[PDB]
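Take a look at this one chain, the form deposited in one PDB entry, written out in structure tokens.
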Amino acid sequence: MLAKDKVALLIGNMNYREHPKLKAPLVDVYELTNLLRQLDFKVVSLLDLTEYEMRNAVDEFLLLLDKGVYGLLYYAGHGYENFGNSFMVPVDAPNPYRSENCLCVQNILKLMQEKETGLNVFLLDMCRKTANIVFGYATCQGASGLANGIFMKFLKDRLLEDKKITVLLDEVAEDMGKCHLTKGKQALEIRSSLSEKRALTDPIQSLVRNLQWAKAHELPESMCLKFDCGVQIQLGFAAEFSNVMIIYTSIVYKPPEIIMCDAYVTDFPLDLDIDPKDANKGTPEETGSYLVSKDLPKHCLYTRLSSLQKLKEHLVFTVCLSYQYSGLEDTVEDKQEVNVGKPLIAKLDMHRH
């Protein structure tokens, strides 16, 4: 009934290059993260991961699976099923699906079986297809303002109960059976080898791994930049996921001369695919972050750094003023370079194995 440690990996794929884009992963990952954080889990929550990235993530999660620890692996995205095998489809995989570009569940399972963990939860919320392993395999992605998936809708309600994981997983499967969409088709399949009364609400009693997590989720301190013209800018930061950071720009001081100005953030490194057409927005929802206008200050300009695991070099970006007073007809610009270092998951380079 006790855990040596509690570590979880959460993968959500929402933006496919060559397959249909998915809406549910973002909320399910965010919501399940904070819920496991409540259960004292050192969670890594990653969005829109490629083949090589996914592979590196899992291997790194598997390394933490020492004797008596509690592992949780949640994947929400596209799935594939060929010759009784199932695969987790990454964002880079081309259409049609091919196994060489995907992650075989059966293999992940084979590696998990070679473990001495007191509990290991393998959750899959797939679309369009003793180690004490508790395998939960859902097949429904037909999901307020924001979309929550059918599996998570029920998983969240029961996740905080002090009952055996298999008992909750069985109740969530029946809960789905009461719902109209999930009664028609049997989306949930459970596979257990759990010999003891192990729950997700179980205390821990080696805390060096807690310090390694803190190091992996360090957000840059709020910075202020003074410009030649006099205007002083505020640079704020917020964490959304392990690989997703929101950047905000506000104006602290404006002299009576300046009638219109706003600091824009640009020239982010090439490795992260951020298109200027989706940055420096009016509200943070426009990006769009799970983070709502209320938890971030109003009158700012927002930019979301979606892919941080691609940060090979220290974060360097330029900020522009774009200030014009009605007296003069032409718009003027002044710019300066900022170094934010290696934020969040970017600290540990995703490269390589």
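So that the term is clear: the rigid core is the largest set of C-alpha atoms that superpose within 1.5 Å between two forms. Start at 1 and count along the sequence shown; that's the residue number.
Asks: As recorded in the PDB entry, how many deposited residues are without coordinates between residue 129 and residue 130: none, 1 to 3, 4 to 9, or 10 or more?
Replies: The entry has a long gap there, with 10 or more residues left out between residue 129 and residue 130.
Asks: Residues without coordinates, deposited sequence, stretch from residue 205 to residue 206: is the count none, 1 to 3, 4 to 9, or 10 or more?
Replies: Gap size class: 4 to 9 residues without coordinates, per the record.
Asks: When the C-alpha temperature factors are averaged for each of 208-216 and 112-120, which stretch ends up with the higher value in the entry?
Replies: Going by the record's values, the stretch with the higher mean is 208-216.
Asks: Going by the mean C-alpha B-factor recorded in the entry, which is higher: 312-320 or 31-39?
Replies: For C-alpha atoms only, the mean B-factor is higher in 312-320.
Asks: Would you mind finding, among 189, 240, 125, 273, the residue with the largest C-alpha temperature factor in the entry?
Replies: Top of the list by C-alpha B-factor: 273.
Asks: Which one of 136, 256, 90, 236 shows the biggest C-alpha B-factor in the PDB entry?
Replies: Within the set 136, 256, 90, 236, 256 shows the top C-alpha B-factor.
Asks: By its CA B factor, does residue 227 count among the lowest, middle or highest third of the modelled residues in the chain?
Replies: Highest third of the chain for residue 227's C-alpha B-factor.
Asks: Where does residue 84 sit by CA temperature factor within its chain: lowest, middle or highest third?
Replies: Middle third of the chain for residue 84's C-alpha B-factor.
Asks: What third of the chain does residue 14 rank in for C-alpha temperature factor, lowest, middle or highest?
Replies: As the PDB entry reports it, the C-alpha B-factor of residue 14 lands in the middle third of its chain.
Asks: Within this chain's modelled residues, let me know which third the CA B factor of residue 45 belongs to: lowest, middle or highest.
Replies: Its C-alpha B-factor belongs to the lowest third of this chain's values.
Asks: Pull the Cα B-factor of residue 301 out of the PDB entry and bin it into the chain's lowest, middle or highest third.
Replies: Its C-alpha B-factor, which the entry lists for residue 301, ranks in the middle third among residues of this chain.
FYI, the form deposited in another entry isn't displayed, but the following is about it.
Asks: So that I can tell if residue 122 moves, could you say whether its C-alpha shifts by at least 2 Å between the shown form and the other one after the core superposition?
Replies: Superposed on the core, residue 122 moves its C-alpha less than 2 Å between the shown form and the other one.
Asks: Return yes or no for residue 322: a CA shift of at least 2 Å between the shown form and the other one, with the rigid core superposed?
Replies: Yes, shifts by 2 Å or more.
Asks: If I superpose the two forms on their rigid core, does the C-alpha of residue 137 end up displaced by 2 Å or more between the shown form and the other one?
Replies: Residue 137 C-alpha, core-superposed: shift of less than 2 Å.
Asks: Between residue 151 and residue 41, do the C-alpha atoms lie closer or farther in that other deposited form than in the shown form, with a difference of 3 angstroms or more?
Replies: Closer together, by at least 3 Å.
Asks: Relative to what is shown, are the Cα atoms of residue 46 and residue 156 closer or farther apart in that other deposited form, where the gap shifts by 3 Å or more?
Replies: Farther, not closer.
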